[PDB]
Amino acid sequence: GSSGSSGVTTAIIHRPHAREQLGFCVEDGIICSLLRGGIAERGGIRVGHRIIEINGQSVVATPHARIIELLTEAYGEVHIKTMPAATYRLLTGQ
């Protein structure tokens, strides 16, 4: 691609199996720890960043509980949109 708007980080997780862990630990819609040598790292998951959208679904105002049910339902090609709470907030602060 040519038109690139550097801003929100987008990662892609490869979940070939359902009975397989994820590696990345999410807390209140915000990743904290990441499994070393797993998928998250491969896809593009980085702790500290907050989740605002998943599999094409706005979860910025969605309760973790649900977020989990969603991500889980999404297998194989999972699109997780990560964003730094700092920037996001500052953006939607005005």
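What follows draws every value from the coordinates through simple rules; no lab data is involved. FYI the Cβ positions are ideal-geometry reconstructions off the backbone, even for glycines, and counts take in every protein chain you see.
Observations
- FRET efficiency, 1/(1 + (r/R0)^6) with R0 22 Å, evaluated for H17 and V60 via beta carbons: 0.15
- The slack between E69 and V8, meaning 0.36 nm per residue of separation minus the straight C-alpha distance, is 19.6 nm.
- Taking a ≥ b ≥ c as the square roots of the eigenvalues of the Cα gyration tensor, an a/c ratio of 1.5 or more together with a/b larger than b/c marks the chain as prolate.
- Loop exposure criterion: trypsin sites (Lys or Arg not before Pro), DSSP state outside H, G, I, E and B, at most 10 other Cβ atoms within 10 Å. Applied to the chain, the longest stretch between such sites is 37-94.
- Net charge dipole size for the chain [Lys, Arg +1 and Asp, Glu -1 on Cβ; Debye, nearest 20]: 180
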